[PDB]
Structure formats: C-alpha cells, structure tokens
Amino acid sequence: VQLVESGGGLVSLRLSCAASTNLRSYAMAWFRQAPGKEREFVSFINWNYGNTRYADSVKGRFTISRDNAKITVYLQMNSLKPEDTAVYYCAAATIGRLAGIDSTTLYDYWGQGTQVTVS
Amino acid sequence: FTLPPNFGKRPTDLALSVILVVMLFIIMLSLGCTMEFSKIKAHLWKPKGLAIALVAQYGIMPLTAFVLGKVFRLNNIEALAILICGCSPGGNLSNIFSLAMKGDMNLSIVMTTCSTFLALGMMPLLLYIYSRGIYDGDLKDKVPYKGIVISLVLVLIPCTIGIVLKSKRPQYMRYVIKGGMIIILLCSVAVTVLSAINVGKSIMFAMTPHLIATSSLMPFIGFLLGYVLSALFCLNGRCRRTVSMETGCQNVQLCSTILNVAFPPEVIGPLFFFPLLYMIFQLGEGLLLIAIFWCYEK
C-alpha cells in the first residue's frame, strides 16, 4: 500500500514516485540511504504549491517536479557523480506536525525503494 | 511557485503591524464614544445577549470549519488552517461593523472582549476535540497566550477610555473627533499601501479553487447562521444584527501567529496569506451585508 518508484539503473536518469493509493499529502520529498550509512536528505517539494528545497551537495544537479494531472513525483538527475550510488527512498507527508524537513520524522508514508548506481 | 520574500523584515513587515496598532487605537477610541456604561451591566448581568453569540462561535463555527474539512477532503494543513480560524475569538475589527448596521453597539463589547477571554481557556482545549487526526504533536504551547492579553488589553483601553471622555468634559469630544475623521483616514492609506508592497505581490499563487471556496463560504455562513439563531431565539429584532456581525467576523491576525510556529514554513508556503485573504472576503461579505440592511430603511 506504500508509494511506488521506478528507474534507478546502472549508468542522466529520471525516477518517478507514484502514490499507490488515492491519498492527499501536503508535501512529498526524496531521501537517500547511502550503502551502510544513515539516510540523507536529497530534495523536497510542496504538493499544492511549488516550494522546493534541495540538499547541500545536490543544490544544482538534481531537480524534483510534480505533475498537475497525475499524482506521480519526479526527480530528474543531471551530471551524476560516482558518489551518488545509493538507494533512494521516496517519502510522503500526510498529517501535519512540527518536524524538520531534513529529519525523517515529518514523513508518515515511505516508499518501496529503488537503487541508483553510476560509474 | 514559492513565497520569495522573508517575513519579519524591518523595512515593510513591521510597518504592517507598528502602524496597525496606531490605526486600531484611535479607531476604537473614536468608536468608544457611542457606548453608555450604565446599561453595559444590564447586558452582562442577564446573559441572554452574549450566550447565543458566544456559543455561535465556540460550539458552531468550529463545526462549520471542521465540516468543510472532511467534506472537501482538504489536506491536514489547510484543514487545520481553517479550523484554527474557526476557533478564533470575536474579531476586534467586528465592532466596527455593528456601527454601520444600527445594531446594539453596547452588546458588541460584551461578546468581543468577553469572547476573547474565553479564547485563552477554550481554544487550547478546543483543539483536542478537533485535531485528533489532523496534527500529531500537541497544540498546548503553539497558541500565543501572551499575544492575546496584549491584544485584549490594547482593545480594552479604548473600550473604557472611549466612554470615560464623557466624564470630565465632553466639550472636548468636538476637539477630538473633528480631527479623528480628518486624521485617521491618512493612516488607512499607509496601512493599505504597505500591504500591497510586501505581501500583495505574491497573492496570485495563494488562490486555489478548494481554498477560496472555504474562505468565501465560511464568513457567509458565520454571518447568516449567527443571525437566525439570534433573532429567532426570542432576542430583540434590532439587536440581532449585533450578534450576526460578531459570529461571522472573527480575528485572523491570531491564526497567523500559530502557523508561524506550529510547523515549518516551507510546508506553509504562501498559506501565510490565508488569514490576510480570509479577512478580505470576511470584509467583502460584510460590505455586501451593510448595503442590504441599509436598503430596508429606504
């Protein structure tokens, strides 16, 4: 019943996150779990509006965008670095609460998970 | 896209508030010269006056806000922004609307200042029954307690000093209100221009079909549903227009203080503009109600 991702292949690849059920989320963000490491924040997007806040390293490279019609969320990547090899974990936020965007406590729903590898 | 400008900026964001206090101080002090205390205790001692109106916004308006939430299936951020607006006490800018409505102006205070002292004790415990699944943490600390007292007292001073002028020498009411009409109109230009400088530019994003719908029909239901329960429940026919303009009208400058602290500002986006936009339609709905009940005289 969790969110569904696509993409994530050996290597500019764009990967989608579609909600597997009709749910109303006020914000959806992407997270990345490095191999044998804590998951790090990567990108954020508001749902009604277009607010976005990328992470430190990824400020210019990646781009997160939604579509009006469908409920899929995208994260277009460009200029991949060989340190980006990790397993990206799409996240959704249903109920509002006081939690940091970077922190994972804000997000009530998580994703199936997909692995991105580069060379 | 976003809300680019940052709030709490000294150049313009303070001019919205450091001038509004001046705007409100003289206006209500000028408004304070149409009330007699000797019959105020008549309104207070027998609670037939405030009871219908106080219940009309602490047992009825939250339902209107909560029903619009579940029915419209709004997300748990806007479904909470309009609920916090619903629980908000009687607006300090509602007392203006009783004057143009020929309502019982003395009963306006008895349901404005007395219905704000209940916001301290109701709203913090009025959210547990309405945010059971719309917010995870507690709202106990997010409510601006010290922002209501410094708001009620800033309202209470013109409420009493407004009538006390009729005790030493009301000859100097001529010397005061003759300029108050002349002077306070200069402030409204400063209030209206600065708003269009800072926050008005990014308003275009804020509008939303499922957001204007709540902000347009909620001040209307507050008006009408506040009146029928007023006049029909044996209360005076001419006094009912005082309750009607108090149930629908309510402050939203208190809701904005909660969203600033409840949860992060990137989740908000330009949802900060809802209380500003809510009052625009709150004011707009009334300015259509003013004419209609000014038609019945003619």
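Chain B is numbered as in Swiss-Prot; the shown residues are, in order, 12-309.
So this one's electron microscopy, 3.3 Å, going by the header.
Using the three backbone atoms N, Cα and C, a Cβ is placed for every residue, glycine included.
As written in Swiss-Prot, here are the features:
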{"type": "TRANSMEM", "residues": "B:48-83", "note": "transmembrane segment"}
{"type": "TOPO_DOM", "residues": "B:143-156", "note": "topological domain 'Extracellular'"}
{"type": "TRANSMEM", "residues": "B:157-179", "note": "transmembrane segment"}
{"type": "TOPO_DOM", "residues": "B:180-183", "note": "topological domain 'Cytoplasmic'"}
{"type": "TRANSMEM", "residues": "B:184-217", "note": "transmembrane segment"}
{"type": "TOPO_DOM", "residues": "B:244-247", "note": "topological domain 'Cytoplasmic'"}
{"type": "TRANSMEM", "residues": "B:248-273", "note": "transmembrane segment"}
{"type": "TOPO_DOM", "residues": "B:274-280", "note": "topological domain 'Extracellular'"}
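Listed as Cβ neighbours of the topological domain 'Extracellular' (B:143-156) (distance under 8 Å, sequence separation of 6 or more from its ends, same chain) are residues 80, 87, 90-91, 94, 131, 134-135, 265, 268-269, 272-274. Here the topological domain 'Cytoplasmic' (B:180-183) has, by DSSP, the following mix of helix, strand and coil residues: 2 helix, 0 strand, 2 coil.
Counting only same-chain residues 6+ beyond the ends of the topological domain 'Cytoplasmic' (B:180-183), none has a CB under 8 A from a CB of the stretch. Across the topological domain 'Extracellular' (B:143-156), DSSP helix (H, G, I), strand (E, B) and coil residues number 0 helix, 1 strand, 13 coil.
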